[PDB]
């Protein structure tokens, strides 16, 4: 059934307020949920909300955190999240990264002790919309093997990079994993194969069967190269004192304290070639790319284009499945709220 985004925002706010989350913290959280559902990253949108409820009750999410800047300098900071909503910590960190970059040209803000923050692209787009370059990375509970290995050690480790000109936007937002676990589960319901070169089974051997893949490992994307970048990311994400490797828990499991890290970077074009000079060049490059000769059955896209298109289509509502609408009804009921104020 169709769920209007504004109504998704009000649903999340009213529910989070019910657990003590201050209104401004709640509004912030919702925005990042709505962004994901609008872009089609549906697995980091509302459908993930019940998991948040589970964690709030088990007290793995602190509704009223003491967010602290434990280390600071003109160009860097470390932030302790106090087990608060990743969105709230995340926005603070990146907002502070942006502030520092405006003063001295670049800002690097690492976080520890926060929860999963949703889609990385939201944060680096905060930078883009200040006329800057935003870069965001984080790690994850183990999901992927080293290249040539069969054990789950690395996270799905996303990186997001955003910036824009006068006409074009650039918004790379990607997991270093070659496939989401959700898309494997999904493929297991719909009794089909997963793409080739996306997972290996219990044995280190390649596999297209979803059931095997689920007890095996997902592969980093671009062979040894993509593995290398996921390793780099596992590490850089954690420089504020988070865990790495197998000690990273609690990113998708509400029964565990969250131990992952996030890095937020903001580079400020005014300190280099100049803001207006940069925007002209981004435009010129992306325009060149966009107008180059297509291969056979393709239309050349800029990173981010697909997500923007999704948002347009989805601005007036998007579908959600019954089983989730049910989980919502229930949560709403517990907190003395009417599911019908939001989904109608």
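Residue numbers count along the first chain shown, from 1.
Mean Cα B factor from the PDB record: higher for 109 to 117, or higher for 251 to 259? Stretch with the higher mean C-alpha B-factor: 251 to 259.
- Task: Take the C-alpha B-factors listed in the entry for 36 to 44 and for 294 to 302, compute each mean, and give the stretch with the larger one.
- Result: Mean CA B-factor is higher for 294 to 302.
| request: Identify, among 154, 194, 101, 159, the residue whose C-alpha carries the highest B-factor in the deposited PDB entry. | output: Comparing C-alpha B-factors across 154, 194, 101, 159, the maximum falls on 194.
Worksheet entry | 78, 187, 88, 133, ranked by C-alpha B-factor: the highest one | In the PDB entry, the greatest C-alpha B-factor among 78, 187, 88, 133 is found at 187.
When the deposited Cα B-factors of this chain's modelled residues are ordered and cut into thirds, is residue 310 in the lowest, the middle or the highest one? Its C-alpha B-factor belongs to the lowest third of this chain's values.
Q | Ranked against its chain, the third holding the CA B-factor of residue 331 | A | Highest third.
Check your understanding: So where's residue 282 on the chain's Cα temperature factor ranking, which third?
Key -> Bottom third by C-alpha B-factor.
- Task: Name the third of the chain's ranked CA B-factors that contains residue 140, choosing lowest, middle or highest.
- Result: Lowest third of the chain for residue 140's C-alpha B-factor.
Note to self: Taking only the Cα B-factors deposited for this chain, tell me whether residue 340 sits in the lowest, middle or highest third.
What the structure shows: Residue 340: CA B-factor falls in the highest third of its chain.
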